[PDB]
Structure formats: structure tokens, C-alpha cells
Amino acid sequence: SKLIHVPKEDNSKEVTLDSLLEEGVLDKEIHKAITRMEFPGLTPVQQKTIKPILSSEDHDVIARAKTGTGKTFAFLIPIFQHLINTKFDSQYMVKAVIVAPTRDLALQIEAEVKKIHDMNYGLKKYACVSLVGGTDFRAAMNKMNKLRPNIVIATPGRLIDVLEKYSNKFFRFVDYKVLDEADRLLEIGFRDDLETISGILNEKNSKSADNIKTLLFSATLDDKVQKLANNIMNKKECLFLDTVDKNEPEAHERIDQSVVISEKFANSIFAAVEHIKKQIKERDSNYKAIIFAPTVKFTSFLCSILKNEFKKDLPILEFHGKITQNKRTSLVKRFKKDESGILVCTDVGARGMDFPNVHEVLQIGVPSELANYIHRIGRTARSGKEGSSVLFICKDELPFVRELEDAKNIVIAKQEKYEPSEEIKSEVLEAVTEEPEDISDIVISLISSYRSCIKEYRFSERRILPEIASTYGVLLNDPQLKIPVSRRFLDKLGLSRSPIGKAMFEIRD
């Protein structure tokens, strides 16, 4: 299908809510709702995308805009307008399906729809229901029946669950599907699900298999996403609306980025603790930060350390996929409103989540995918605010920083070295209450995660894997100690005849 590039333009006429109203693109009722939010104007992505999404042309839309620049309302606004435009047709049916890669992001988008409802009660008739995992299925279906929503927000697993059973009842008149964080939803592990979703919606559609228009939004996408999306894009033409230059880096330029390089992976823990200590002192505890970590087990561990160091100074919140969904939702609600605190999380929190006035994003180790560097640091410097980011890595992780330059054109100007004092090591290690078996579980989780990104980040396996494994000895304060394991375990992992494996593990069976 034909990709029509509309690149970033410098001197184009400003689009406003009033101008869209006067032109007849927006109804008074949606104009009202957004106006009462009292935004200075519409963000570039909003100015660029609202009219084309609503256009009577037979096209799909792809939109790139940097983190925190209003992509959500960029699709919610025209969606509401479409509901108003067709308000007498199929009024009890879902007309827009919005898909997101995490439950908390889907629930956030639902909360944004609710903000529109609250700014004009006249829009409550265009109801919305979220379909996400970890919530009561029956209770959600009762809500579908009671409210008969025109907008569904969902995560892929639960949506498929619902579609396999109820696609005929609610989903035969869908006109739009939106993939928020589209590049993530088209990666392995989501792509098959999005193709299943798209296939069901297209099959069940009462007009035709090509009726549904598809909108793709992300801070990170290019021409290659069209290929990946080929099986789910129905229309003969695709409009690519870009608010970023082709050779311009996708990272938000307002973010003051730095990297702190240690000799050992474990030393990044001490570096982060000292950094947070300094920030709490210098900002007089007026400090709101997010710290990312590679695995669930390590995130949980890092949270324990940070509570011991800092719970007296600030709240420490633990956020990952093994936290119950009720608790995930309450901590998201709290961190959105809190002035200060530290959110400790996995990449569950890397994309989309809008926590106002985060001062700093910290990272211990590398993200789960290259693009997530940009999304992680984009949790700060949102909606015109300032922000900083610090990447804490060890020397053997440096090829990641080179790949950011080579692949994504991101050059981190501020780079410095770190070496922990014996004092900070003793302070941090003494409060660790984990048993050796727990430390083994934690470090093994790191070995497995780092192993899966060796090719992507161009790591040297022979250096990175022993370095990660050596974290076990460092945390037990005995550098020559190796991780005790069984031969069957080493066989499973695939390192039983390797010198790399012998440097990491001791076969204490």
C-alpha cells in the first residue's frame, strides 16, 4: 500500500480548537471539553493529526511525535468527533478500539477519556469501557452490557478473550482501531495477537473487511513499521504524519541525559544510591524519580535496598508485572498525584505512563529493547516541563551506548566514571536481608535477561555474562565465589561445555 510522507514543516499555519470549530471539523461539544482543560494551544501532533484522521479519504494514519507531547488527545479528540458525526447510527455499538501494550497504560487512556467526560457531561453518552487482564471478567462484561460503550480500551490478551466470545454482540460496527505504542505492539509476542484482533474485527464488520481505519502512534517508528503492520492495515493509502525530522533523534531534546560508567554491573547499584542521596539532600527532599531495572526479581531487590536507604526520606513504590493489578492501579494513581517519591519499576512502566513532574529518570543497566531507552527517559520532561536522566551501566555494557549512537542517532554528552567507596558498599550490603538462594535467583534472572540482548546491543558474551554472574559474589561480599548450580541446570542453559559457563558457575550438586 502507498505510503504518503508528510514531513515536519517549519512555517505551517497554526491549527487551534477555534480554527477546527470554525472550519466545521470539530463539533461545539468536543471543542468545549478540550477548551475547559485550558491548554495554551494544541501540541504539534494534535495540530497535525486531528483533521486527517477525520477526513473522508480512504486512508490509514501513522503518527510519530516525541514523548509527552499529547499523542493521546491527538487520537481521542477525532474519535469523539467521529462518534458525534455518526451519533444516530449503531449507537449501542463499539466504534473505536484502542489497544495498548500494558494494562496500566490502557487504564490511563480510559482515565483520559473520563477527563473529557468530566469537562462536558454532554459527552457521557459516548461511553467507554476498559478490557484488561487482572480485572474481573464478569464485572467488565456487566459494564459492556450496562453502558453499551462506543469506545473500548484494551490490552491484547483480554481483548482476544472478549472477542472470541462476544465479537458479534458489540464489535460488528467498529470504524477505527488505534495501536498506541504501535512499534511495541508489532514486535514478536504482540504482532500475532494484533493480527488475530485485526482479523476478527475485519471478519465481523457489517460493512466490509476493509472498513476499519487503523491509526498507529509512537515516539519511535519509521518506514519499517508499515511492513510490520501490512497484515492489519486495510486501506489503499497510508498517511505518515511526522513531527520529527528524518535524521533528528527521537529522544526529547529537553532531557538532560548522562551516563555513569562503573567497572562492575553491581557498582551501578552503589552509584544509584549515592546519586539519590545527593538529590534528596540538594533538593530538600523535593524529589520525584523513576528508576528502571532489567528484571522483576532485581526490581524487587532494588526496592528493598532503596527502602532501607530512603524510606525515612521519601515513599518508595514497587511496580512490576508480579504486583497484583489492584495494587498496580492504586500505586499508579498515587504516583500521578504525589509531589515526590521514587517509583522502582521494570519496563512495564517504560511506555506511555504519564506521571506529572517527575524530575529524574534513572536506569540501572540496559532496557529490554533499544527503543525503550527513549521511552524510559521520556517519563520525564513531559508537557513542557524540564527533566534529567542518568544511565548507570558497567564497562561491558558500553556497546549499548554505541548502538544508541549508530542506530538511533542519540549521543550522550555527559559521561563520567564511578568507583564505590568501601563505606557505601558496607552501608548498602549490610541491610540486604536476602538469603544466598534469593541472591542466586536474582542474579540468574539478570543472566537470562542480558543473554537475550547480546546480539541486539552487540555485547561480548565472554565478558558480559561472567560480569553479570559475578554480582552474586559481590552481593555476598566474596569476589571469588561462583554461583552454585547443578549440571542439568547448566545443560538447560546451554553453557555446560563453555569456558564462559565455568567462569560463572560452580557445579555444587
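Counting begins at 1, following the sequence as shown. By rigid core we mean the largest C-alpha set that fits within 1.5 Å across both forms.
Note on 52-60 and 444-452: with rigid core alignment, C-alpha atoms in 8 other deposited structures of this protein sit farther from this form for 52-60. The mean C-alpha temperature factor is higher for 403-411 when 403-411 and 169-177 are set side by side. Higher mean CA temperature factor between 357-365 and 431-439: 431-439, per the PDB entry. Of all the options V94, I424, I374, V99, the entry's greatest CA B-factor is assigned to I424. Per the deposited record, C303 carries the highest C-alpha B-factor of all listed residues (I116, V152, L331, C303). The entry lists a Cα temperature factor for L228 that places it in the highest third of the chain's modelled residues.
Among the modelled residues of its chain, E237 has a C-alpha B-factor that falls in the highest third according to the deposited record.
When all modelled residues of the chain are sorted by CA temperature factor, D18 is found within the lowest third. Annotation for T299: CA B-factor lies in the lowest third of the chain's modelled residues. When the modelled residues of the chain are ordered by their C-alpha B factor, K417 lands in the highest third.
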